[PDB]
Each structure stands twice: as C-alpha cells, then as structure tokens.
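Asks: Below you will find the structure I want to go over with you.
The numbers here are math on the coordinates, done by the rules we state, and not lab data. Here the Cβ positions follow ideal geometry from the backbone for every residue, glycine too, while neighbour counts run over all protein chains shown.
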Amino acid sequence: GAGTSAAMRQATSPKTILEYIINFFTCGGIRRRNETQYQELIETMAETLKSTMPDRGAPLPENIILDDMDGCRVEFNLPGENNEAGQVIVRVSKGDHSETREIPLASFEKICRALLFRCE
C-alpha cells in the first residue's frame, strides 16, 4: 500500500533539521532553496502556537512540541526566571537519534511574537 508518505519525508537527518531551525531564528529568508523548507516551519509553528494562544501578543507557550518535523520529534524549551543561561534549549530526536542545542531567548521569542503577528 501507499503508506510511505511520512517515511518519504523523514529521509532528512534530525541534526540537519535542528541546524536549519537555528539558521531560521538567527537569520531566516534566503532566496535560493530556503523559502519552501522554512515556509513549512513558519506555518507549522504559527498554527500550533495560535492554537494554544488566546490570539496574539499574550505570553507564548514555554514548551513547543513538534513530533512530526521531518519524522523527527523536536521540543522547544523556553527558560524560567531561575534559569541562569537565559537561552532556549532545542531538543530534536528520532528513535536512536538525539540532538540538543541552544539559541538566544531574544531571537526565538521575537521571531515567535512576529510569527503570531505574521499569521494576521
């Protein structure tokens, strides 16, 4: 049967996916091959966020679960007031695979605000 749709999508590496996520929150909007791949990130995040948000501008969620990101589970962990790093811990995983990295809270949060505002 035709049940290799997610199996086709998952052909990418979870580390590679993590990297383009990092590249998005640092500088997203290149006009080579960036547009489509990152567009999927924009819409998936924008929708899952506004779905757990009242509308826009309010306190955005601390854990953003994206289990189906290129067949890879990624969990965005926003730091609390007692956290000394003040950075976002991104955790992408894929069965035997696991990858963890940090990005500035300023970058992730401002893009996530602008993403809710981009939806309007």
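Asks: Using Cα atoms only, what is the angle between the long axis of helix 14-27 and the major principal axis of the chain, expressed in degrees (0 to 90) to the nearest 10?
Replies: Relative to the chain, helix 14-27 is tipped by roughly 40 degrees.
Asks: Relative contact order for the chain: what is it in percent, counting Cα pairs under 8 Å that are at least 6 residues apart?
Replies: 26 percent
Asks: A follow-up question, please. Relative to the first principal axis of the alpha-carbon coordinates of the chain, what is the inclination of helix 34-52, with its axis defined by its Cα atoms, in degrees from 0 to 90 and to the nearest 10?
Replies: 60 degrees
Asks: Let me ask something additional. Going by how many other Cβ atoms sit within 10 Å of their own, how do 110, 50 line up, fewest first?
Replies: Numbers: 110 12, 50 16.
Ordered from fewest to most neighbouring Cβ atoms within 10 Å, 110, 50 come out as 110, 50.
Asks: Now for a separate question. Please go through segment 1-78 and write out the GluC sites (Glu not before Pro) that DSSP classes as loop and that have at most 12 other C-beta atoms within 10 Å.
Replies: Here the sparse-neighbourhood loop sites are 62.
Asks: Given +1 on the Cβ of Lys and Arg, -1 on the Cβ of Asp and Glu, and no further charges, what dipole in debye does the chain carry about its Cα centre, rounded to the nearest 20?
Replies: 420 debye
Asks: Please name which of 88, 100, 111 has its Cα lying farthest along the dipole of segment 72-120 towards the positive end, using unit charges on Cβ (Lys, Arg +1; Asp, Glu -1) and the Cα centre as origin.
Replies: 111
Asks: For segment 1-57, what does the alpha-carbon gyration tensor say about shape, rounded, prolate or oblate, given a ≥ b ≥ c as the root eigenvalues, a/c under 1.5 as rounded, and a/b over b/c as prolate?
Replies: Judged from the Cα gyration tensor, segment 1-57 comes out oblate (a/c at least 1.5, b/c at or above a/b).
Asks: Further question: Note the direction-averaged projected area, equal to a quarter of the hull surface, for the Cα convex hull of segment 9-120, in nm². Spell out each step's value before the answer.
Replies: Working: hull surface 29.2 nm².
Mean shadow area of the hull around the Cα atoms is 7.3 nm².
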